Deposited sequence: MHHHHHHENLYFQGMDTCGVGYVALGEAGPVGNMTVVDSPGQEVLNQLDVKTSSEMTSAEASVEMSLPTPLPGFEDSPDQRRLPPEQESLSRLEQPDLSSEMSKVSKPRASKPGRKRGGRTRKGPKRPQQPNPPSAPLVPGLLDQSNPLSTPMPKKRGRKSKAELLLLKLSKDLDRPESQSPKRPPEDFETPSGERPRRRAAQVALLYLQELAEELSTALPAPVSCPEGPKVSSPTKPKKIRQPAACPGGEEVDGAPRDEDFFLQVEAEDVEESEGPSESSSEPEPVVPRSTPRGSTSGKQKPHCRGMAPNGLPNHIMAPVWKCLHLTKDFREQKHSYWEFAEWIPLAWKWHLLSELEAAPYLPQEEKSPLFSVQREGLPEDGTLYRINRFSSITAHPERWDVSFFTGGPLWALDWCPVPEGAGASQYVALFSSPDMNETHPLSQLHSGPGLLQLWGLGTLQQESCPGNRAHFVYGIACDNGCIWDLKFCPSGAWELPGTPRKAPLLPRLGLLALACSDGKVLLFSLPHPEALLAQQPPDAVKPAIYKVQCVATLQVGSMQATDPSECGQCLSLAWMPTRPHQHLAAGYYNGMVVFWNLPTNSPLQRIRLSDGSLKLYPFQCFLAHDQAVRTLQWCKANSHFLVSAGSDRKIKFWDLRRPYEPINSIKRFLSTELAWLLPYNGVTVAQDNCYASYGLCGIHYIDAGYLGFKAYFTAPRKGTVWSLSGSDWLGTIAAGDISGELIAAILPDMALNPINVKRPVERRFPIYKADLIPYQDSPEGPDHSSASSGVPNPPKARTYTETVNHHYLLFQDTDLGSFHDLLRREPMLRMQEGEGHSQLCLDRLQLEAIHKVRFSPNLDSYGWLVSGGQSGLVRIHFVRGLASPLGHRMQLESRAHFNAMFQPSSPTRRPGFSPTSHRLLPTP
């Protein structure tokens, strides 16, 4: 227990776990990531076909302009203007606080950061999916298989010199005929290489490997080129939204050779890559409750077949019936990848040993849960709940030990609404969570090697990032015609006097007492939250929701001299290794 106050205004015993998580995450990635993997799966220009304006029209999300909104920033003068931005466009970053907002044309339902090796100093990208229609909603029990667009957004390099005046750029998108995408996961490492890498004209330098959980019941794997390499091949006069039709590296689906009998598994709902080198396994969760594993390199004629177009179809090597209901979320253990956790709509969290799948390590029955986060250093998992079964006033976010330490669940944050999505920053040891209330909070967990019951007041360890309010001005147009989004951002520059600043009072008056609204579209609701996995930009967060606005925030107060120290040393090491 370390005394005194950090210069950011949090007590040192509250910040000390955050500073420890930097070293633990670095020591892990040095051992169990790698600089290059899947060397065959590299992008080819002839596999990327640019759609004309006429061909792209079915795929673009159908709202051409955002709802009207205004952003108020804590302690700055009131803006008072209402912004509205075109689809695939961004406001400019605020010059002091560097928040960026851009609009994707539909409700955002998948989102991931493109992972980049430490010290690379690359341009930072997010890949996301936004549904075609703001008001249509899809059943779980049925395959959809409509059109949809996978969108790749570049955020810049997010250096301090780059953030003033930054804007998000829609660099390209892939027109998918495979329905809506329920999850996105990039290959955790070894997928990225320098955009300057010399490669022959058919080939393109690789930006990443991206797996899509489709509502068509299959997983799609793409290898992504760097944008400049496509635009060098693209005609110079091409349409400015670069929409491509792209061949998969592989389609991943449940089945067997010559087994014409269509699988009962239904929609694919969630993904996890194997966290550790060589990342050779990918898992998916299915509506029937099975968890399904594919051995991505597999040569075996019983698992791999090559289609006439040259793409692979991969059948799984292992499947087991994890849940008695749709398995909504997976997390695969980083510290030892023999272990995995899953949660399903039977509202059990089940820990698994993948060597011994016949019985879970531990099943804890809980409330219905939407997403899980497994922070590297902590043995347990933090859970986001759907509120429909929680006791009123006890719904929220819980950390749950996997069982050996035997602690009770730690109530890291009360929330009134359902927390739709959750992300744990390994670098920060902090967690961020989006609510149908339209509020984004962050919370610092204690060192969960130590019994949480000593945490006398967890409210000192959490803060809001922003809240969206509808201000008057059950369907989208009837809502947009009569409301605008007031985004109330906090001053993340420091946490001094936190519990007396208005956003904490506003949040604390939200918690416990506030009543959910059901006579509206939930236009303020936030659907995905993602901390950056990259050491560069490690302090950055992205979020988006029903509005189809996507917003980026830098949590300046959790960035620290150790992260700067580690960024500089990693830059030096990276610059020595690659030149």
| query | finding |
| --- | --- |
| Sequence order list of spans that the model leaves without C-alpha positions, deposited numbering | 1-303, 777-798, 905-925 |
